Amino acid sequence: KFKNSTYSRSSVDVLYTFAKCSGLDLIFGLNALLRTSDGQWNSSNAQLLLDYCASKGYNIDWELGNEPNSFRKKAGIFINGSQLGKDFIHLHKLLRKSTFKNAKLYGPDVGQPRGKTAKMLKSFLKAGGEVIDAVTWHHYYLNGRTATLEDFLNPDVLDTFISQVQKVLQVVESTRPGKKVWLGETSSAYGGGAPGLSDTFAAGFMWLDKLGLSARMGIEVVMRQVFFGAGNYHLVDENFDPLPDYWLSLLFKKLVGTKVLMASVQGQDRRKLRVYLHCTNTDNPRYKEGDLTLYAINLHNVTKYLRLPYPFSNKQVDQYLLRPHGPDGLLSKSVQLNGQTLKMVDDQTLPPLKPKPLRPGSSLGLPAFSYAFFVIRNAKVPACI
């Protein structure tokens, strides 16, 4: 029942080394519920940790507290946004006094907009917005305890994310316009994810759509809960087996670049056919400046065929179509790329992610309940060059 635990220098070392050896940038959340009798953040424990990390040469970025909107319910104490902002200013001073060069600070990691949470975010940004390098908030679509496959396939559920993003951006725009906005913790369903759902092929519709809408609406970074752990929304389970959302994320990383463009369906939009368009990831050796990556979701129960607009209509297109593998259907934990099951070659070797080149001028076929990436080669888009 008591959630309080200690952690060691070795735990810190292990977490930092895991990030470094994997090419990841570590962000460490500090404990905001250490309080003085005067209602201030007591920084003494964080100071010990900062001093240790600085002594070791660790380049780490920091956060302070997790979902402070729920402190009253989870910890019996209410900290208002103004005070939380003061606490971040105190932490910022400690980071500047340290031997960390350019340590970044993110916050306040509030839960998604509901009347009172929006007010806490606003008051936080008024008082503490100056010292954070990006505003972090959290989002889940559904309660993991009650979510059904139908919910995971429902365009109305997917669309609820739009209003949540709009509310957060409006708050930030009114206090710190052009401050960067990040999803600091996000997945399909809260409460550890939906059992037998959040770890399946069908989880991919929520994940890919969220990436698409976040990019199109001005979110700069999206942090998936979780890469690894016991929750049903993990990308990798504790047997170290990747779930379908891992392969989806890997293909996204390899194919989708940083410049966000726009794609839409001509005419009647039922919102079951959902399309997003970016420049192609230039880091990908197969492709060159000017290429475009289209990604698309088909939530209809029949195949749809996408016709590219001129001049892309007659370009060579590489297809990366994901389908579930095996008798579990949409609930499978196994996924195929262009008909080939995705599996590690060995413990240290990711498999090849081979495109299927399509006949130029052919319409792009998207089967019922599937999603896909399509790279438009030699698109020669000046915005991408």
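One-based numbering along the sequence shown.
Between 333-341 and 27-35, it is 333-341 that carries the larger average Cα temperature factor according to the deposited entry.
Averaged over their C-alpha atoms, the temperature factors of 119-127 and 217-225 are higher for 119-127. The PDB entry assigns its highest CA temperature factor, among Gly144, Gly290, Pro108, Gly111, to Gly290. Of the residues listed, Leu64, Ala46, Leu353, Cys53, the entry assigns the biggest Cα temperature factor to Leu353. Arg377: CA B factor in the highest third of modelled residues in this chain (values from the PDB entry). Among the modelled residues of the chain, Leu308 sits in the highest third by CA temperature factor in this PDB entry. In the PDB entry, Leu153 places in the middle third of its chain by CA B-factor. In the PDB entry, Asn4 places in the highest third of its chain by CA B-factor. In this PDB entry, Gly257 carries a Cα temperature factor that places it within the middle third of its chain's modelled residues.
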